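See below for the structure under consideration.
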Amino acid sequence: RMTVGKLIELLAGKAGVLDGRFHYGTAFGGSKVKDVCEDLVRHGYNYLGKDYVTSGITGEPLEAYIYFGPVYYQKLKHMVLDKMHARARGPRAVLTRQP
Amino acid sequence: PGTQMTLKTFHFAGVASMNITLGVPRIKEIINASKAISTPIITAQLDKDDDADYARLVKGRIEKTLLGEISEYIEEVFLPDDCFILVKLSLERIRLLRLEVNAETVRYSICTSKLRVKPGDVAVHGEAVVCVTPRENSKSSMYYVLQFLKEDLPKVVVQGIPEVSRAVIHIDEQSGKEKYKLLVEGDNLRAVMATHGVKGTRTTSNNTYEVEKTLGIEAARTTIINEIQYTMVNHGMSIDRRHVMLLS
Amino acid sequence: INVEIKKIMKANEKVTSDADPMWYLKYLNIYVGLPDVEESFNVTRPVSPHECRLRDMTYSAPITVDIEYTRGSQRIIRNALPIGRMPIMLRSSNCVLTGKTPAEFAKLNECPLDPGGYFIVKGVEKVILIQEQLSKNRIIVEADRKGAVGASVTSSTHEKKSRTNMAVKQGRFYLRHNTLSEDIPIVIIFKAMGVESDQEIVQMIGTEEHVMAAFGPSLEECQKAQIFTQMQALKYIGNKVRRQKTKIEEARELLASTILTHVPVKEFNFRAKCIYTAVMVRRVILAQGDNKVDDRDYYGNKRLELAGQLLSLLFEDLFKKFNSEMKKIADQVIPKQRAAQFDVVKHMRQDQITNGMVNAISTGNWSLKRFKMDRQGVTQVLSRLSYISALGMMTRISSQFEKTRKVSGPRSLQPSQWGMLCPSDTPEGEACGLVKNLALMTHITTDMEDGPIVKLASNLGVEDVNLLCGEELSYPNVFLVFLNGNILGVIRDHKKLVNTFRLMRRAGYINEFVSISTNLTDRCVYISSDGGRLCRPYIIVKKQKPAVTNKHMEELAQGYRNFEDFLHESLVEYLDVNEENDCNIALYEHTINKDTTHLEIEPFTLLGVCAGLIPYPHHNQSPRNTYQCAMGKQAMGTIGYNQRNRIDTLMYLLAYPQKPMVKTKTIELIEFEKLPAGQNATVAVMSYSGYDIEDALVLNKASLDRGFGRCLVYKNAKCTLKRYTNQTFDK
Amino acid sequence: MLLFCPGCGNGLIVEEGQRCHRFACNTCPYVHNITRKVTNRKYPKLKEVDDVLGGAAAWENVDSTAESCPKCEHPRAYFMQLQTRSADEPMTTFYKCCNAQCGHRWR
Amino acid sequence: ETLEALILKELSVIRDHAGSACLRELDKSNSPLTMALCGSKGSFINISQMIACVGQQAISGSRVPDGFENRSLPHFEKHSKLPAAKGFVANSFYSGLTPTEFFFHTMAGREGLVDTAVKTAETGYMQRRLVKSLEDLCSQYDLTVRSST
Amino acid sequence: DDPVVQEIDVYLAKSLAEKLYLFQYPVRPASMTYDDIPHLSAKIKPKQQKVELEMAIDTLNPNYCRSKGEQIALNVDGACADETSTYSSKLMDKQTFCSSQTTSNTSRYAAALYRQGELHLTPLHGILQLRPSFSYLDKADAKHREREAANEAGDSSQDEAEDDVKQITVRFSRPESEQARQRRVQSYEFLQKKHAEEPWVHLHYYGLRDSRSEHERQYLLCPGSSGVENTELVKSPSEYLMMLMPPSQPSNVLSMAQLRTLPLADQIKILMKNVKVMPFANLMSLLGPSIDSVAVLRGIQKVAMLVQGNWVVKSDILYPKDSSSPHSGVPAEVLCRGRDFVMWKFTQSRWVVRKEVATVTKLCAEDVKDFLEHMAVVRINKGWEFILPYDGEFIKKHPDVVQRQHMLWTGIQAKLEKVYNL
Amino acid sequence: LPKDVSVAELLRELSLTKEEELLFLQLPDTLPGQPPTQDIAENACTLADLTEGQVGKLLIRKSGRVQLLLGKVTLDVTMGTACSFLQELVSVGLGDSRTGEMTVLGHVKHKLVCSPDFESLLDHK
Amino acid sequence: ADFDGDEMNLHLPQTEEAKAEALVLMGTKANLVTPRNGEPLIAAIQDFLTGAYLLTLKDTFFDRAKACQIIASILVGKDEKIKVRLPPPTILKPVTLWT
Amino acid sequence: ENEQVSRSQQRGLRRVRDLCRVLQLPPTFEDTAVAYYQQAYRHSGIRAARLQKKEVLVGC
Ligand SMILES: [Mg+2]
Ligand SMILES: [Zn+2]
Ligand SMILES: [Zn+2]
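Residue numbers (the working numbering), protein chains in the order written: chain A, 1 to 99; chain B, 1001 to 1248; chain C, 2001 to 2731; chain D, 3001 to 3107; chain E, 4001 to 4149; chain F, 5001 to 5422; chain G, 6001 to 6125; chain H, 7001 to 7099; chain I, 8001 to 8060.
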């Protein structure tokens, strides 16, 4: 899908929550990558978002760094509780005796 | 595979022209078995596939050439004694295109489904001069029907098959030898096979109705199989030949 | 409700019956008043829109009118007589919500951030989508089914609409109309419209050799018949006239009024109509060569009808029906009832217009028999899934096609949508490409008076078309000037004309919404002044430097000036699609070159309302942006400050909504941060346990336990205890 | 050509009188005898294209040069990229390699 | 058409050379490159588009048609056949796309969407017809395929 | 680009203002003229100008077909009736040209006669386009219809006396409905009958070769001196532009153009309501140098107060007595008191603490924030600083205004100490 | 035939030859004047209200500029549509209520168009 | 499917013959290949191709504990009644590593 | 029924309808009024009357 914008938003949000600011994702503009990289390197974090992470299951560090960061996730109205359906014999239609 | 097909473009089959319907519309036209299809393609093999002169000769033989496409000027001259239309054939362009067309062939081309022009009306004066003198037919037609001739005189066929609209010289650049073939955008396979210099034994077509009517039902089945397989391969997806054989 | 309704009332101010003359009903002035509720016994009471939502009633205002009539030849005047109920759009001029403070909004149980602009009928919120249609009174050159390149013109006036076509099926031009039995040659119509000499016809068509060569067959076919005078041609047309010398009069009436209604004839003078059809034939001849076929998807030829024009047409139809019913009742009552003089006040049905408006707004189907218009899906239920959902549905635009065929032409994204409509915002599904959204910075123009435009055009040297023959139309330097499809005249050196018109519009003597464009291919200067056209503001650039400087922006920030001052001082001007087709616009200051006329204000204004929520959208793919807009239209979150008192059939709310950390300027503009529809979570992009194979995600149990993602679903259960005809009630 | 009567302006046709061929109108007794030769050429467009095509130099109007294919790993190739399917999340490739007259065509 | 083909060839040369340069300069253990090598998801073309350079936006197998008079957008000169003025995207997804390039990409995306929307219906109808016609055949025990009759 | 040469004068003549007509033939090129064609008559009407020329054409010329002439003459007229014949002889001899009216008003059109160093203009009374009319064919069709009627009547050699007495078919003069009456009035037949009601006037033709042409050609000139100052045509360009273009008839709704049309007091009030912070020099520049400074000062003293050399709009101006806080709903009097306290704190010290104001005024955070944003900016480690610097020039120039504002601020401070118990 | 210009037109009409020529210029709807004692109102002021004598001057500046000074304002004169059909300027004088005289004054060949210089009127005030 | 909110249907036969025919003819193990061209459709997918690729890389060298854990990660269900059959290590003299 | 409705009965019910409509009454009032009118019109002495009687009956 080539969603580099998601990575840029993650990096900007991480820099913002580190320095207490609100970065802008304005189309054809906004905060550049160099600014958020400098903000990350200033607070002592990695300039690429990837951080040293230890596996919780085995207790051993991972061979590759994990890309952590705050992302603005939104929940949709599509719920499994409202979409779950099961049909017994039940009623039928008057014209054609079908469910 | 119809859902798997993307209906792409730019698939000119290596000639960079002659846009042909391929994909789901092609499969639909094949399975509908319509008598007239969109953009029919006829592949003709040559006896002399190494010579380009023979290729252009047989191309001019099979391709329909109108009178206005070869004549350099057509003028309605009203002399004080009589009025007539003078057509000047461009012999230079004729020998450039290698068309076997002279004043006699042009005169024979006229008087054919053209308001019943009598043979005495058309005459030849020079080597490439044609004089047409129409007469009143009395069926609500007078001498000032000359203009009507000006509307359809250049649009008369002098050489080639009327059903053939466009024929091009395709070339194959195989490392062993570069051979020449004819790609005809027409709907007449029998005429193409009947022309001189065309190897009719290795002539195929895209229209299944023409193949059925000309070379039998088994040739039509084979053409359907080959065309469906080619259309399927064009999209990169493969189908077992047994399915298309059962369909045909 | 302030101007158009008064014009509609003035158009039907007097209504009278044929029987019993000297009797009439004269309307004086109509008022709409403030929204009220008829709950109280014969008493009106101010009602808030939220109360109308709760009580499942309509939010309308009583339309009254003052009149004068004759009962027994004694003129009786009425100063206040209610005649209907018009539903009041929220946040309008007469709405109770306008001119209110957020505290007063809280006192009325209404959200201050609510966009409004939607009607409330029977408790449901209906929104009238912006309708899109083709521009009227315009020649369209297009290919037919058999490949024949013909022309069409749909002449639509305030009364009748007629689409007449012209074809070249047999090398000659035949004119086809719905009022003719068989298509007739164009030369016969030329001879019937006053001009009888064939030389003048040929000069009007064109003096080019190919033009005469193409028009030859038509002249020959005309000379074949014995049609050489106006009387013979009119007799032939009348013989070809369908049933609805008498035939000659009917043919002349159809040629003068029915055919080309938009082209006006002073007194049976078809000179303008002759020039119009000659220009049409010339365009067809020029299009018969190089395939310069006009496209339907070009938005410069599109018109947007808002709710105002639709409501005006509906009110006009309802008022005409009411007047017809009143005249019928008068004719039935007055001549035989009694010496008791009949008066209209005893039969002024007040529920007719009210029920008509209520049904047309609720059901959404509009059937106008006076205009033969049968539309469906005009009004839609406002989606209250979230604030973004309603804010985006409020600026929706539907297509005229309405899924009649998968053409893929109008469904495609045309370059004409630049700055006008959002390119990425479109519903994913069967309605992809037919339902669109407006841009962030856009405006729809209204109708003008068109008087000073004609005056300035006449004073700018435009010679009258009646003064010269059609031969001047064939000159390469003579350019035709039009006006809303009507031939305004001819001109030479159109550059000076266009420059002077633009300078006069910038000065303020001409309305800033009047558009002017030039087509060098057809050599036509179009002057558009009708409503529904899309315009966009642009900074004027003169000699490689924009007119707007840092000092002007500092004054704007400090409050010395506003946008209207920028409009008046020739700094920012509105450009139409047809006008921007000829102008040169620069995206940025560094892109400004010598051949630049305007400057783009802001590029991110290209996106719409929903697409503005996308952080860094220029780094993502277009289907991703489309899916994001589609899901944001269905995103869960807070609706407004009055979401607790609001009782809807289905509502989704978030427990702990949080504003995004990466917010676009559009978010601050639409105040989305005050009503967020999501939460910021510490996401780690990695593969874990293989439970996120295809698009899935793994959630933390402790996070969900501590309140992350907690949601609330509010449903409504309504019951009614109504009294029947008999004296019994539900208990 | 198209001629018109100076008197009424209608189209002139060519007929034969009692002495010579003449132009005349059908709505007025105006006539005009032909003295010298009159001609109207049109100069129809001639076929200029030789209709020769398919050259290897003209066919190799593509970017693909010195790449590696999973069929015959020859340098000269011919790549085509397609993005016209939303159901297929990835893109679509079509590679041809006819350096040694192989003529491959795959996805 | 010759000029169009030459310009498309030059743009494709730029695209493929930038992609080769990006693939050569990228180091191993790179997650996009790793997922492209194993073929699980993505390819080298997507990597080159998102890192080095986006390719030429092709509508119906051709450059962006002139929506306005003799030009695609009013921001370019009339009768201008420059690459950036006809659909070329010089910048990549990482550096950010210009408004014109973003508009052309959205045009291509909407074209693909409507193409798939029409294709789905057409293939559904074709499949319905084919199954309704071919549902009668069956393989018998004598190795001969016979119809219902 | 100076007018180096060709300084031609323009004269006006009113001799042939009502007798000058423009005749143009759209079907006759300028090469061939009607000078040699002998004309016969011209029918014309004073009102509703529509001239019909009747000219004579030769016959012995080789460009005329005598057989077709005899045919068309026998078709249009009878055998030897000759009572009402479109042609005197048995050949087509007379030709009819009909005029069509281009436009109703021709005042903007004028004929220009150019002589050495002068150009004389003459108004046109009307412009008509002359085209060859086909009216003999209508009479020929009427003659054919009456001949067909005669042939139908003559089916028998001897026609008995028909008892076709005209029964009295007098139809009712029914009262026509207004719609049908308007349709009849707008009908083409009614207009044609109304045009025909006007009697015709016959005129003779005088060609260009006639001496009368050159005799009357001199009437386009006017006797006058070379240089004469015209009494009229002396209006300024602004008056001309007004003539050729006659008119049709948040708080920042009114633009600057609409503002300048308002009285000075209203202008100052609206500017102080919009900006709320501005110096005296900026106000003088915005209002214009043509306005006296004393009037502007007296106007601004009524709606503004002096704070650190700058002018700040009064509290009651922004918040009317019927308004309220949009954030808290408190009455406007409390907002005015809080804003006066903020302005007093700013006059006492340039730095103002938001927490101290919120504690003293007992107001919410949003009201204090709105009060401070109107006249202050946030400075880190310093609090809120006045947006404009100390303007000592206006203070030194107007000491009496400074003293009056000082005593007004003293009274305001007394009121604030009485209310908030400072 | 190349498209001529008004400056060169007047130059060849006066310098190259001395024969008089009949022109047909189109004046604007309202002239920059007031009807003198015509019983009014800011109505249209045409040539029918003005008197005889010198009413304006015709200036020919450099680079092909052709202006008409009709007082305080200056209009510009350009070439109109080049008509090729016959245009006969005649004088129809109805001296008597029963018989009148039609006097062929001359032929019209060129057409001029006079337009207000709106740019100067705008930059002036 | 792509697990993006798509709904799927689940039917339960009410006849033993129908159940047996469904299990035999429409068995998942018996329809691993499509009848179009015989290509197998039920195979590895994303996060399985990349995982197996990174596992079979030449850089991979696992000790006894990690290799035993990765092997036992599949010993569930019917694989609980079979021997592990730990393969011999490749390198053993410097360090005992399983590739 | 509803077909044996005299022209006078139709006029009376239409009068009831327009009378309850000009007062802007809910449809329940119209239903109750037309029901009462149809119930009162069952008498022989009521159906055989003048237009004044039917109009005042509609009013009542
Ligand atoms: Mg899915
Ligand atoms: Zn003639
Ligand atoms: Zn290879």
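For every residue, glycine included, the Cβ atom is placed at its ideal position computed from N, Cα and C.
Chain-ordered neighbours of residue i on chain C, where CB pairs are closer than 9 Å
i, result
"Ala12 (chain A)", "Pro2615, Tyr2616, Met2661, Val2662"
Residue i versus residue j - alpha carbon distance
i, j, result
"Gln5308 (chain F)", "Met5407 (chain F)", "14 Å"
"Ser31 (chain A)", "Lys2663 (chain C)", "11 Å"
"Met1245 (chain B)", "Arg4129 (chain E)", "18 Å"
"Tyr5025 (chain F)", "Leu2468 (chain C)", "10 Å"
Buried/exposed call for residue i, threshold 16 Cβ in 10 Å
i, result
"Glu2250 (chain C)", "buried"
"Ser2386 (chain C)", "buried"
"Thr2649 (chain C)", "exposed"
"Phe8029 (chain I)", "exposed"
Opposing strand residues paired with residue i [DSSP bridges]
i, result
"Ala2681 (chain C)", "A:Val71"
Whether residue i touches residue j by CB criterion (7 Å)
i, j, result
"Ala2061 (chain C)", "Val2043 (chain C)", "no"
"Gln2337 (chain C)", "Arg2071 (chain C)", "no"
"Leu2382 (chain C)", "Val2127 (chain C)", "yes"
"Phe2482 (chain C)", "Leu2488 (chain C)", "yes"
"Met5032 (chain F)", "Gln5095 (chain F)", "no"
"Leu6094 (chain G)", "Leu6105 (chain G)", "no"
Contact set between residue i and chain H, taken where Cβ atoms lie within less than 9 Å
i, result
"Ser1238 (chain B)", "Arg7036, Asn7037, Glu7039"
Residue i: contacting residues in chain E (beta-carbon distance under 9 Å)
i, result
"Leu7049 (chain H)", "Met4035, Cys4038, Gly4039, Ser4040, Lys4041"
Neighbour list for residue i in chain F, Cβ cutoff strictly below 9 Å
i, result
"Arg2561 (chain C)", "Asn5252, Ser5255, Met5256"
Partners in chain I for residue i, counting only beta-carbon separations shorter than 8 Å
i, result
"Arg2723 (chain C)", "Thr8028"
Interface partners of residue i on chain D, CB under 9 Å
i, result
"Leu4113 (chain E)", "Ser3086"
Within chain F, partners of residue i - CB distance below 8 Å
i, result
"residue 2732 (chain C)", "Residue 2732 (chain C) is absent from the structure shown; chain C starts at 2001 and stops at 2731."
Interface residues of chain B facing residue i [CB-CB closer than 7 Å]
i, result
"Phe3004 (chain D)", "Within 7 Å Cβ-Cβ: nothing; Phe3004 (chain D) doesn't reach chain B, min ~14 Å."
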